[PDB]
There are 2 protein chains.
Amino acid sequence: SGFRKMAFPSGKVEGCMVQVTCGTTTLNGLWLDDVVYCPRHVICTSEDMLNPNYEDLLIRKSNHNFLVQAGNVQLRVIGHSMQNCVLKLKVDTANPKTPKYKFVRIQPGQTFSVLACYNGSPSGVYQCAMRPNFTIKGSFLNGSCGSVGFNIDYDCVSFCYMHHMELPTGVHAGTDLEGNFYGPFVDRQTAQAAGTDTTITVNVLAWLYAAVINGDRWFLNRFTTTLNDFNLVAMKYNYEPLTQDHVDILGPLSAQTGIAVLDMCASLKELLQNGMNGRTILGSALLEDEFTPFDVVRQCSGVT
Amino acid sequence: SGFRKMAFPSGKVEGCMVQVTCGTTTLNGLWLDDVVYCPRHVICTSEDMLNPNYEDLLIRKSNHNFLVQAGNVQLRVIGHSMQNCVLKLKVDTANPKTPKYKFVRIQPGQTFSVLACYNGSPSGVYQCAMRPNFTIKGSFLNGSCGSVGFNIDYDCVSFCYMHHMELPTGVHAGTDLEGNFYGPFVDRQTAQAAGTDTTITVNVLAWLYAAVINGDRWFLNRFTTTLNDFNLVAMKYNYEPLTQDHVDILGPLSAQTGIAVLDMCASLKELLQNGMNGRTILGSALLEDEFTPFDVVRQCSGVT
Ligand SMILES: CC(C)N(C)c1ncnc2c1cnn2C
Ligand SMILES: CC(C)N(C)c1ncnc2c1cnn2C
Ligand SMILES: CC(C)N(C)c1ncnc2c1cnn2C
Ligand SMILES: CC(C)N(C)c1ncnc2c1cnn2C
């Protein structure tokens with residue numbers, strides 16, 4: 001029993017983190033096989049970031065200008081290329097700790113673990129969600145760029161995020177491992193404002209199922225609702241619309257608990273309308289939306 | 001910017017987890033040098049746990065009855081002994097991945113990372129605090145016993161917790177790595193109820209400093225207080241008394257922010273008396289107490 005915001009064990013990813021330095025800029029790279037992946041803004045000064053021409057800046061860079069260090073050992077860079085907003089530095093040594101891996105582009109509402117790193121060295125691990133406005137709410141200081149987000153399926157690491165940018169409102173933007181930003185963000189120090197940070201309704205419902213499984217039940221009520229009625233209330237509270245696809249995904253939790261998805265939606269509707277009245281659910285005073293239904297099943301079943 | 005509930009990177013600990021089986025009971029062990037540490041209740045049936053005589057039960061166990069598996073490889077048990085509530089299984093192979101390590105007994109209010117494991121295999125990592133009633137609020141299913149809690153100082157792992165027990169109220173009890181329970185708990189399936197789960201005041205204050213550093217400032221007010229006045233209010237709200245030692249520990253955060261510790265205590269006093277009025281601090285609707293002052297400085301400074 002108990003339900004915690006849980007990250008994947010980080011060891012497989014710790015074995016991939018390296019330091020990348022270009023001139024005066026140091027950040028993190030991801031070493032998989034004989035390629036190191038890092039934000040292309042490693043080539044920029046803070047001055048450059050106001051209006052960078054990355055193709056032009058990259059002409060002035062040679063393989064020997066990219067200093068790649070794996071622990072206290074230097075890697076030899078034998079090639080470099082820009083793909084979207086990442087650089088791929090080809091090194092002469094395959095990472096001997098390369099796990100089975102995939103690159104995946106996740107959807108808003110999907111969760112992942114972040115291994116926050118500085119100078120190629122892991123500092124901490126935490127659990128994030130891709131927000132509906134394609135920001136993440138991370139913990140990233142100067143030097144954390146190139147830190148990655150991932151999921152693990154048994155022994156395969158699915159890398160889904162690389163950290164690039166903090167917006168002026170202190171939320172974070174980054175790319176998949178093909179270098180494509182999530183959402184509309186760019187690697188330039190400019191006016192970029194995030195849209196509405198809506199609540200991931202299907203994840204809240206999953207977490208309410210987790211609450212019932214773990215004995216927090218006070219919010220269960222005598223009501224039901226319909227998707228259309230629920231969505232009228234969701235929309236008023238800046239919740240994502242619930243779809244039949246979401247209902248289908250919640251089916252296993254519904255089955256485990258015997259609480260129909262639409263009955264849980266009616267519980268959630270009352271919590272939105274009435275608030276918590278000073279009560280807590282799984283140690284939270286707000287409705288938690290960074291657990292997916294898969295997360296809840298995984299954690300409630302003890303998957304390794 | 002941003003402030004997250006962050007665990008230590010788990011890799012050094014992942015390299016120490018093994019499976020221990022005795023008869024029909026499987027749980028986790030910690031393999032350091034040529035010793036595997038596990039809960040002594042591995043030797044119990046669920047029936048045994050009602051009123052176990054561990055010395056008597058252990059007489060019926062030989063080295064060959066303890067099955068220790070490290071990944072898919074069996075370890076040879078060449079000795080076993082009981083120390084308090086843990087078994088030490090001596091194996092014929094030193095763990096080649098043994099990190100620098102220490103065993104430490106932590107104080108209530110100290111935080112640590114837990115690597116939740118099943119069948120010797122890591123499932124997730126999360127951040128815990130030793131509660132003032134010497135329980136922890138973890139996420140532990142059947143099979144998670146022997147999962148460990150730790151801190152890391154650069155390259156040295158300080159192991160502070162091993163999971164033994166869930167109480168009927170769904171909170172958790174365990175031991176240090178010398179096998180001594182935190183608090184009054186015992187490894188028997190009996191009436192054990194936790195005392196008051198008071199709030200760790202010094203940690204709340206640290207987190208309010210983290211909030212100011214990260215731009216959440218709405219709760220700062222025009223007031224100050226004294227330790228004695230603050231403590232009259234703390235006591236009413238089941239907060240731990242704040243001591244001058246706590247004030248001294250908060251000095252670096254006070255210096256960084258320019259907010260006197262007693263001024264932050266007056267902010268906290270108003271939050272206790274007035275509530276959050278539907279507002280949030282660092283994405284929380286309650287006052288978070290599982291960050292120590294050291295945690296806040298570490299995360300705000302990017303220590304690896
Ligand atoms: C970085 C993105 C484009 N990649 C490759 C992917 N994104 C989403 N689903 C995927 C892949 C690859 N396979 N599958 C099933
Ligand atoms: C209650 C019905 C009529 N409403 C408005 C909606 N229901 C489901 N998905 C929706 C909406 C609006 N946008 N999207 C994507
Ligand atoms: C398991 C407990 C008794 N151990 C050994 C410790 N507990 C607290 N502080 C400690 C140690 C060892 N050194 N230091 C400074
Ligand atoms: C305001 C004063 C008189 N009170 C009661 C206290 N102040 C500091 N530490 C305390 C207490 C009570 N217990 N403990 C450990």
# chains A, B, ... in the order shown; residues from 1 in each chain; ligands from 1
$ select_by_dssp --residues "region 99-257 of chain B" --states "alpha helix (DSSP H)" --output "PyMOL selection string"
chain B and resi 201-213+227-236+244-249+251-257
$ residues_around --residues "residue 194 (chain A)" --least-positions-apart "3" --cutoff "8 Å" --atoms "only C-alpha atoms" --output "PyMOL selection string"
chain A and resi 133+135+197
$ residues_near_ligand --ligand "ligand 4" --cutoff "10 Å" --atoms "only C-alpha atoms and all ligand atoms" --output "ChimeraX atom specification"
/B:226-235,240-244
$ write_last_selection --atoms "N, CA, C and O atoms" --output "PDB file, in the first residue's frame"
ATOM      1  N   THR B 226       8.695  35.344  17.161  1.00  0.00           N
ATOM      2  CA  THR B 226       9.781  34.838  18.011  1.00  0.00           C
ATOM      3  C   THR B 226       9.681  33.322  18.005  1.00  0.00           C
ATOM      4  O   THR B 226       8.599  32.831  17.667  1.00  0.00           O
ATOM      5  N   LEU B 227      10.706  32.603  18.383  1.00  0.00           N
ATOM      6  CA  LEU B 227      10.557  31.137  18.451  1.00  0.00           C
ATOM      7  C   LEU B 227       9.425  30.767  19.402  1.00  0.00           C
ATOM      8  O   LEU B 227       8.648  29.827  19.099  1.00  0.00           O
ATOM      9  N   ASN B 228       9.339  31.417  20.554  1.00  0.00           N
ATOM     10  CA  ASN B 228       8.320  31.015  21.545  1.00  0.00           C
ATOM     11  C   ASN B 228       6.924  31.296  20.997  1.00  0.00           C
ATOM     12  O   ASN B 228       6.061  30.471  21.202  1.00  0.00           O
ATOM     13  N   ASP B 229       6.711  32.422  20.349  1.00  0.00           N
ATOM     14  CA  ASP B 229       5.369  32.765  19.829  1.00  0.00           C
ATOM     15  C   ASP B 229       5.030  31.787  18.692  1.00  0.00           C
ATOM     16  O   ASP B 229       3.909  31.251  18.625  1.00  0.00           O
ATOM     17  N   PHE B 230       5.986  31.560  17.809  1.00  0.00           N
ATOM     18  CA  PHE B 230       5.788  30.652  16.671  1.00  0.00           C
ATOM     19  C   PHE B 230       5.414  29.270  17.217  1.00  0.00           C
ATOM     20  O   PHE B 230       4.467  28.647  16.720  1.00  0.00           O
ATOM     21  N   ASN B 231       6.157  28.805  18.205  1.00  0.00           N
ATOM     22  CA  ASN B 231       5.968  27.445  18.770  1.00  0.00           C
ATOM     23  C   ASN B 231       4.592  27.297  19.420  1.00  0.00           C
ATOM     24  O   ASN B 231       4.053  26.212  19.361  1.00  0.00           O
ATOM     25  N   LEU B 232       4.044  28.337  20.007  1.00  0.00           N
ATOM     26  CA  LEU B 232       2.670  28.274  20.548  1.00  0.00           C
ATOM     27  C   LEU B 232       1.716  27.907  19.415  1.00  0.00           C
ATOM     28  O   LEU B 232       0.854  26.991  19.606  1.00  0.00           O
ATOM     29  N   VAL B 233       1.913  28.517  18.248  1.00  0.00           N
ATOM     30  CA  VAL B 233       1.089  28.227  17.042  1.00  0.00           C
ATOM     31  C   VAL B 233       1.482  26.864  16.454  1.00  0.00           C
ATOM     32  O   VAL B 233       0.573  26.070  16.129  1.00  0.00           O
ATOM     33  N   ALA B 234       2.759  26.546  16.344  1.00  0.00           N
ATOM     34  CA  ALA B 234       3.218  25.236  15.821  1.00  0.00           C
ATOM     35  C   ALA B 234       2.504  24.131  16.582  1.00  0.00           C
ATOM     36  O   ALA B 234       1.927  23.230  15.982  1.00  0.00           O
ATOM     37  N   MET B 235       2.572  24.179  17.891  1.00  0.00           N
ATOM     38  CA  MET B 235       2.039  23.118  18.770  1.00  0.00           C
ATOM     39  C   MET B 235       0.548  22.931  18.473  1.00  0.00           C
ATOM     40  O   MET B 235       0.122  21.777  18.373  1.00  0.00           O
ATOM     41  N   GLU B 240       6.219  20.225  14.710  1.00  0.00           N
ATOM     42  CA  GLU B 240       7.381  20.052  15.586  1.00  0.00           C
ATOM     43  C   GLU B 240       7.836  21.414  16.079  1.00  0.00           C
ATOM     44  O   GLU B 240       7.818  22.393  15.361  1.00  0.00           O
ATOM     45  N   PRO B 241       8.239  21.511  17.348  1.00  0.00           N
ATOM     46  CA  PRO B 241       8.796  22.747  17.885  1.00  0.00           C
ATOM     47  C   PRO B 241      10.034  23.162  17.087  1.00  0.00           C
ATOM     48  O   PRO B 241      10.814  22.284  16.734  1.00  0.00           O
ATOM     49  N   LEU B 242      10.158  24.435  16.794  1.00  0.00           N
ATOM     50  CA  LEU B 242      11.375  24.931  16.115  1.00  0.00           C
ATOM     51  C   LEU B 242      12.387  25.333  17.193  1.00  0.00           C
ATOM     52  O   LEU B 242      12.019  26.055  18.147  1.00  0.00           O
ATOM     53  N   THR B 243      13.598  24.879  17.022  1.00  0.00           N
ATOM     54  CA  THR B 243      14.700  25.133  17.965  1.00  0.00           C
ATOM     55  C   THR B 243      15.679  26.132  17.362  1.00  0.00           C
ATOM     56  O   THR B 243      15.672  26.393  16.123  1.00  0.00           O
ATOM     57  N   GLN B 244      16.528  26.688  18.218  1.00  0.00           N
ATOM     58  CA  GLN B 244      17.601  27.555  17.686  1.00  0.00           C
ATOM     59  C   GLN B 244      18.470  26.718  16.748  1.00  0.00           C
ATOM     60  O   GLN B 244      19.057  27.307  15.819  1.00  0.00           O
TER      61      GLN B 244
END
$ atom_distance --atom1 "CA of residue 50 (chain B)" --atom2 "CA of residue 104 (chain B)"
29.7 Å
$ closest_residue --among "A:102, A:60, A:97, A:40" --to "ligand 1" --atoms "only C-alpha atoms and all ligand atoms"
A:102
$ residues_around --residues "residue 176 (chain A)" --least-positions-apart "3" --cutoff "6 Å" --atoms "only C-alpha atoms" --output "list in words"
residues 105, 160, 161, 179 and 180 of chain A
$ closest_atom_pairs --of "chain A" --to "chain B" --cutoff "7 Å" --atoms "only C-alpha atoms" --output "CSV"
residue,atom,partner,partner_atom,distance
A:1,CA,B:140,CA,5.7
A:2,CA,B:139,CA,4.3
A:3,CA,B:139,CA,5.1
A:4,CA,B:139,CA,5.8
A:5,CA,B:126,CA,6.6
A:6,CA,B:126,CA,5.0
A:7,CA,B:125,CA,5.2
A:8,CA,B:124,CA,4.7
A:9,CA,B:124,CA,5.2
A:10,CA,B:10,CA,5.6
A:11,CA,B:11,CA,3.6
A:14,CA,B:11,CA,6.9
A:118,CA,B:304,CA,6.7
A:121,CA,B:304,CA,5.7
A:122,CA,B:304,CA,5.6
A:123,CA,B:304,CA,4.2
A:124,CA,B:8,CA,4.7
A:125,CA,B:7,CA,5.2
A:126,CA,B:6,CA,5.0
A:137,CA,B:2,CA,6.8
A:138,CA,B:2,CA,5.6
A:139,CA,B:2,CA,4.3
A:140,CA,B:1,CA,5.7
A:141,CA,B:1,CA,5.8
A:170,CA,B:1,CA,5.8
A:285,CA,B:285,CA,5.1
A:286,CA,B:285,CA,5.9
A:302,CA,B:141,CA,6.7
A:303,CA,B:123,CA,6.0
A:304,CA,B:123,CA,4.2
$ atom_distance --atom1 "CA of residue 209 (chain A)" --atom2 "CA of residue 253 (chain A)"
6.4 Å
$ atom_distance --atom1 "CA of residue 279 (chain B)" --atom2 "CA of residue 272 (chain A)"
14.7 Å
